[PDB]
């Protein structure tokens, strides 16, 4: 079972990242993995408040935009808001019960916290461009075109969360619950975790970035500049979050942290590959609904599609997966002005 304070004095430097003894003392003078303490420090140094960003001229910019451009901007915004909503709570509820080293535990809480700030920034933006925010917020839950990735993303988390509860409550083995057999396997739980993480890595590394291009295209035209300044800050944060998930995944697949996970990851590589391509395909299909009424300056269905493949190749290679698309240089180098 899970405990908020394991009474056993353990060497936190020897525990695996996940599934070891629950973290008792929160100390930051040492760590098994330096990267996580460095990320906490960086994230704290980047603290920012949405309210301190002037977005007063974004309202007029939005109203003056052609209808299809309003659609593009607002549709993209709703999706970003959806992703931040999930990322604000999910890392905590899903990972906290499985972490066994203090630096990773606090990094996850810090990572999640920074996501709630992003959520607050989107409320700030929405309240300053539509007059009646409720219209926007409600269409997030029910929007068909958006509620497909949410289902897929939330699914990975929910299944991991469910299996984690069974593991903590019953432990490994073949159990029975109300006439049904319930098998609890640590190997499968480990695979499930490797899956949220890969999926979360694609979310942080691909899904968010594709939306940033959608957003900075306006900035390039000196429009929605308040929104742009906020996205710049958010993007600076996401870079840290993806760095964190990339290290977690690489440490798990290399075999140094947990040999069993390395074994499991090698076994489900084809699955992770398809999982990544699937994510990229969903982002591509979205371009349709986004540019169904037309495209805009420096951005269209084809360009975005190219960008998705460009970014995906990079991210997948970073975690040891084969490249699914043809290699080529950045289709939209101008994006670098707003990112890194």
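Residue numbers count along the first chain shown, from 1.
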190 to 198 versus 133 to 141 - which carries the larger mean C-alpha B factor in the record:
133 to 141
Mean Cα B factor from the PDB record: higher for 219 to 227, or higher for 96 to 104?
219 to 227
Listed options 158, 267, 109, 237: highest C-alpha B factor recorded at 267
Max C-alpha B-factor within the set 42, 27, 315, 49 falls on 49
When the deposited Cα B-factors of this chain's modelled residues are ordered and cut into thirds, is residue 62 in the lowest, the middle or the highest one?
highest
Residue 173's Cα B-factor: lowest, middle or highest third of the chain?
middle
Using the B-factors in the PDB entry, rank residue 4's C-alpha atom against the chain and give the third, lowest, middle or highest.
lowest
Name the third of the chain's ranked CA B-factors that contains residue 149, choosing lowest, middle or highest.
highest
Cα B factor band for residue 37 (lowest, middle or highest third within the chain):
lowest
